[PDB]
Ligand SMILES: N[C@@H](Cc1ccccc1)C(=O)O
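What follows is one chain in structure tokens, specifically the form deposited without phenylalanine.
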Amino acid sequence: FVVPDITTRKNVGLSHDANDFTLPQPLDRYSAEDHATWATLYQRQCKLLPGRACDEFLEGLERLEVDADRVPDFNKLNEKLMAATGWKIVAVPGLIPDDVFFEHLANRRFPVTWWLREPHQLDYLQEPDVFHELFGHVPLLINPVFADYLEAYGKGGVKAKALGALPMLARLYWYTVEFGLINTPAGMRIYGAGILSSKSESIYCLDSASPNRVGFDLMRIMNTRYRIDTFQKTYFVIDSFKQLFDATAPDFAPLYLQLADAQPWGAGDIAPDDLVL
């Protein structure tokens, strides 16, 4: 039997803008259970993440006043975010078209799935939900260097789509924004949103001998496959958010055409020129 997925179930009776796929955050659809599930996830992650999350992430939660006890009001968070970096979050039903996603980031709008997992899925949800996309992705948007990286990333969507290279950018996003690590003199820390919202990946990614930790390299990353249904076999490590922003400076067009005919690295591969940490 095929049954409707969570995105479909949650958006029953709702709509979205035809062009940008946004809707006003539907605050009336959040139940008591939703606020309680949010509070449980927030409390869980805030216990796990000290000494694991990069300091900027934890500071961003505080500066944006991300609610600990309820699903945040996007408009209220935006007052803080706009003043900091001119960014805002916009509500979306779930997955949106790539060109729209990129156009959002290019215009300093960060799309956030509005709905939350059910408490029976506290441990993990495959689909991005509002906990992953707000708690995991948004706090670093008050960092002007990271925000500028996302903007530059967004702006690259037009050229990438024109050249059939959106999957090459998707790899860059995955291995930075979603699953990136940042080395510090205090030790390795986490900036990837997919790790920051996870129950257990933040333990594995710093404590396990199993995954590879490889220095950031743009071409390597854009030539590396990923999988969505398992902990990462490889994490890419930056020294600074400036490294990400600066990586967007050159013309990606000739990089895409070179990659197009190449065989990609497997998710668990170490490449001959990797700086292995």
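When you see a residue number, it is the position in the sequence shown, counting from 1.
Quick note: we don't show the form deposited with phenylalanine bound, though the next part is all about it.
Trainee: When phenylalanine is placed as it is in the entry with it bound, which of 227-235, 241-249, 36-44, 63-71 ends up with heavy atoms within 4.5 Å of it?
Mentor: It is the stretch 241-249.
Trainee: Please pick, from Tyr191, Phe131, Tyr175, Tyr149, the one residue with any non-hydrogen atom lying within 4.5 angstroms of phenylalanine in the entry with it bound.
Mentor: Partner contact (heavy atom, 4.5 Å) among the options: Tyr149.
Trainee: May I ask you to choose, among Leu169, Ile182, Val138, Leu77, the residue with a heavy atom within 4.5 Å of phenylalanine in the entry with it bound?
Mentor: Contact residue from the list: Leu169.
Trainee: Report whether the minimum heavy atom distance between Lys159 and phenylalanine in the entry with it bound is within 4.5 Å.
Mentor: Flag for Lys159 set to yes.
Trainee: Contact between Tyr153 and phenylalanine in the entry with it bound at 4.5 Å, heavy atoms?
Mentor: So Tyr153 counts as contacting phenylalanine.
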